[PDB]
2 protein chains.
Amino acid sequence: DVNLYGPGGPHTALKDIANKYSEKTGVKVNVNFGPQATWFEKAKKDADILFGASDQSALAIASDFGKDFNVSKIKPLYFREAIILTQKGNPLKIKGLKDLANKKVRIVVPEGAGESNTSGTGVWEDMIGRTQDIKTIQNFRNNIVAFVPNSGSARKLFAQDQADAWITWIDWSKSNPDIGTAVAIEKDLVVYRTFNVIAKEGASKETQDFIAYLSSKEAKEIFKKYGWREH
Amino acid sequence: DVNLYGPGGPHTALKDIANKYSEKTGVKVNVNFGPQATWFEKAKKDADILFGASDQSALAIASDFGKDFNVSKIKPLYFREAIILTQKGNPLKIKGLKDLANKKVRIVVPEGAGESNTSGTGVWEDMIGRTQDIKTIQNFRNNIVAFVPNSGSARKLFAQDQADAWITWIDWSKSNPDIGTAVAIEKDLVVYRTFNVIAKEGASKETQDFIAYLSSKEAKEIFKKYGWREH
């Protein structure tokens, strides 16, 4: 029983992979996911691995288990870019972040307001801040209608009938080709955040083997299918 | 009397501005500063204005005050860039972030591990992730000796005779000109975060008028002295 816990989002890629690893080697690999609160008590008892959707959020969650995990051992394996997700078909013809600042649009950004550890913290501001123009930053912010954590493993999008755009991650789109239209953020503005994992202290050899599988050729191509990169 | 509460860092520019405002108008402006827990209690009683050193941190701090502050009213006014602070004279010859990834160095980064609301959360990863190389990202993380909130109001770095490099903000270097050697981060990698203010619901006109002064020609120039920019 190789048990994994982390946020919704990368779970889809990790379930493909755990599916494979199970029928190939017989090792039962469980992928637990969602908001930290919904699986904390459970994982407090049996987490083998914690996986994460950014470094800051991984650091914060692993620090919540005390002696069980040594946050020094967090391992970044892949990265992926932030995206703009619009309404299907992109009717407002949004071309990038600057466009979101300039038009009368309604933006939702992935902030948790110190209420939970989430992968989106600091993302919107680090991208728009790279315009180095205070008016644009001000304009972008005045168009923000909601500061809510990334929907992650939920298929529902906050304010999905009211908002015009969401700052989110490519992998969410890849996993839900269904919802919205992805728009590429300017290259000189965009940020990339990592997928990581950490093995518990004592990690059985069964665990260490799965972690290594995550860098194998089969795992790499699955991760790549969801927009997770290495180079 | 106008009572301000917020993190160390922007406080040096603000004490200046406040002194100059008092000189002119005869209004008493108090600048309280430091980690949130050290003044949270006093603020819950008399805060007229919360000031912030990034958007995510300001949002999180203002949300702690319940109804007293409406978080939609947060106002970005200035930005500044992150920097590398090395030991005096830069004896390891650090040239930028990629250099910090490649050399043997001890780096301290401004993360609060979900245990505090701090300006630096997400900064180091957003900068090094723009290299779009997982090994570099990896090598950088492996040189980090401490994840601790920015020193802010302390004229003292964490482990300041121990670490080789701190990821910090220009305004810190500006405020502590005799400590360490500032090294500029690659333009294609660096992130910029904002100064911001918010008034309590029901802010007096006295309070509103000081906020207006933060954008006057005189304030602009004090802010610029400590590294805060608009364009």
Side-chain angles (χ1 to χ4, degrees), chain A residues 97 100-102 104-107 109 111 113-114 122 124-147, chain B residues 2-7 9-18 21 27 29-33 36 43 47-80 117 119 169 171 191-224 226-231:
Chain A
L97 289 188
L100 287 183
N102 292 324
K104 298 182 177 53
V105 296
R106 298 182 292 271
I107 312 162
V109 302
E111 289 292 328
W124 77 260
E125 89 189 84
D126 282 349
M127 300 196 281
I128 205 65
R130 279 185 58 89
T131 62
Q132 300 177 59
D133 185 69
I134 201 76
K135 300 199 179 74
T136 305
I137 294 151
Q138 283 166 1
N139 286 346
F140 187 96
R141 195 191 208 283
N142 283 145
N143 279 342
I144 299 174
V145 291
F147 297 86
Chain B
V2 185
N3 296 332
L4 289 96
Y5 288 89
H11 74 286
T12 46
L14 278 184
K15 283 179 167 301
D16 278 11
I17 295 161
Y21 187 76
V27 176
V29 186
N30 303 305
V31 184
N32 310 276
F33 68 89
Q36 176 183 2
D48 297 311
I49 301 173
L50 303 177
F51 64 87
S54 73
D55 204 282
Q56 50 93 20
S57 60
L59 186 65
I61 290 164
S63 304
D64 283 338
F65 285 80
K67 49 90 197 179
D68 302 346
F69 285 90
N70 179 337
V71 314
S72 316
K73 303 187 178 182
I74 284 184
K75 316 278 164 177
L77 299 179
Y78 300 96
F79 67 88
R80 83 314 199 180
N117 303 308
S119 77
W169 299 112
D171 62 280
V191 300
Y192 309 78
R193 288 198 181 183
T194 51
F195 172 76
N196 59 38
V197 293
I198 178 183
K200 56 188 298 285
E201 294 294 277
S204 52
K205 178 258 270 180
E206 208 178 69
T207 297
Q208 293 166 210
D209 287 3
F210 184 69
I211 293 165
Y213 188 72
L214 300 173
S215 303
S216 72
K217 204 93 272 184
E218 22 263 307
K220 290 188 193 276
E221 181 46 70
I222 288 161
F223 273 108
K224 177 193 167 189
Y226 291 90
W228 305 88
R229 279 154 56 199
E230 274 193 313
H231 309 296

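In what follows, every chain begins at residue 1, and chains take the letters A, B, ... in the order their sequences are listed.
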Review point. Can you check whether A/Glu125 reaches A/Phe140 side chain to side chain, under 4.5 Å on heavy atoms?
Key: no
Check your understanding: Mind checking whether B/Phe33 and B/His11 have parallel, tilted or perpendicular rings, split at 30° and 60°?
Key -> parallel
Check your understanding: For the residue pair B/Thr12 and B/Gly9, what are the closest heavy atoms and their distance?
Key -> OG1-O, 3.3 Å
Exercise for review: Search all heavy atoms of B/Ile74 against all heavy atoms of B/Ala62 and return the closest pair with its distance.
Suggested key: CD1-CB, 4.4 Å
Review point. Which pair of non-hydrogen atoms, one from B/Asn117 and one from A/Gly114, has the smallest distance, and what is that distance?
Key: OD1-CA, 4.0 Å
Check your understanding: Between atom NZ of A/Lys135 and atom CG of A/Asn102, what is the distance when rounded to the nearest 0.5 Å?
Key -> 12.5 Å
Check your understanding: Does a side-chain heavy-atom distance below 4.5 Å link B/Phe210 with B/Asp48?
Key -> no
Review point. Is the closest side-chain heavy-atom distance between B/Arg229 and A/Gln132 below 4.5 Å?
Key: yes
Exercise for review: Look only at the side chain of B/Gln56 and the backbone of B/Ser119, and say whether a donor-acceptor pair between them is shorter than 3.5 Å.
Suggested key: yes
Exercise for review: Starting at CG of B/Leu77, measure out to CD1 of A/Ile134 and round the result to the nearest 0.5 Å.
Suggested key: 7.0 Å
Exercise for review: Just say parallel, tilted or perpendicular for the rings of B/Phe223 and B/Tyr78, cut-offs at 30° and 60°.
Suggested key: parallel
Point to revise | Side-chain heavy atoms of B/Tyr226 within contact of B/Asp16, under 4.5 Å | key: yes
Review point. Taking the side chain from B/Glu230 and the backbone from A/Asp133, do they hold a donor-acceptor pair closer than 3.5 Å?
Key: no
**Study point:** Reported CD1-to-CG distance for the pair A/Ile137 and A/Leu97, which is rounded to 0.5 angstrom
**Key:** 11.5 Å
Study note, to complete from the structure: Sequence neighbours excluded, the answer for salt bridge (charged side-chain N to carboxylate O under 4.0 Å, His left out) partners of B/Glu206 is none
Review point. Minimum heavy-atom separation for B/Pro10 to B/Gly52, with atom names?
Key: CG-O, 4.3 Å
**Study point:** A/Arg130: partners by salt bridge (charged side-chain N to carboxylate O under 4.0 Å, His left out), with sequence neighbours left out
**Key:** none
Review point. For B/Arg193, does its backbone N or O pair with a side-chain atom of B/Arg80 as donor and acceptor, under 3.5 Å?
Key: yes
Practice item. Please check if the side chain of B/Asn196 supplies one atom and the backbone of B/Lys75 the other of a donor-acceptor pair under 3.5 Å. Key: no
Check your understanding: CG of B/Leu214 to CD1 of B/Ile49: how many Å apart, nearest 0.5 Å?
Key -> 6.5 Å
**Study point:** More than 12 heavy atoms from other groups under 6.0 Å of NZ on B/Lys224
**Key:** no
Review point. CG/B/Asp171 to CZ/B/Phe195 distance, rounded to the nearest 0.5 angstrom?
Key: 10.5 Å
Point to revise | Interatomic distance, A/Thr131 atom OG1 to B/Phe79 atom CZ [nearest 0.5 angstrom] | key: 7.5 Å
Point to revise | Contact check, side chains of A/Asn143 and A/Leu100, non-hydrogen atoms, under 4.5 Å | key: no
Revision key, fill the gap. In short, A/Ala101 meets A/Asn139 closest at the heavy-atom pair O-CB, 3.3 Å
Point to revise | Distance-minimising heavy-atom pair for B/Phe69 and B/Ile198 | key: CE2-O, 3.6 Å
Exercise for review: Mind running side chain to side chain contact (heavy atoms under 4.5 Å, CB included) on A/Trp124 and A/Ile144 for me, showing each step along the way?
Suggested key: CA-CA 10 Å; A/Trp124 77 260; A/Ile144 299 174; 3.8 Å; yes
Exercise for review: Taking A/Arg141 for its side chain and B/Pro76 for its backbone only, find out whether a donor-acceptor pair lies under 3.5 Å.
Suggested key: no
Review point. With side chains defined as the heavy atoms from C-beta onward, is the minimum distance between B/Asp64 and B/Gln36 less than 4.5 Å?
Key: yes
**Study point:** Counterpart residues, side-chain hydrogen bond (donor to acceptor under 3.5 Å, both in side chains), relative to B/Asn70 (two or more places apart)
**Key:** B/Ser72
Exercise for review: Answer yes or no: is there a side-chain heavy-atom contact under 4.5 Å between B/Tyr5 and B/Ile61?
Suggested key: no
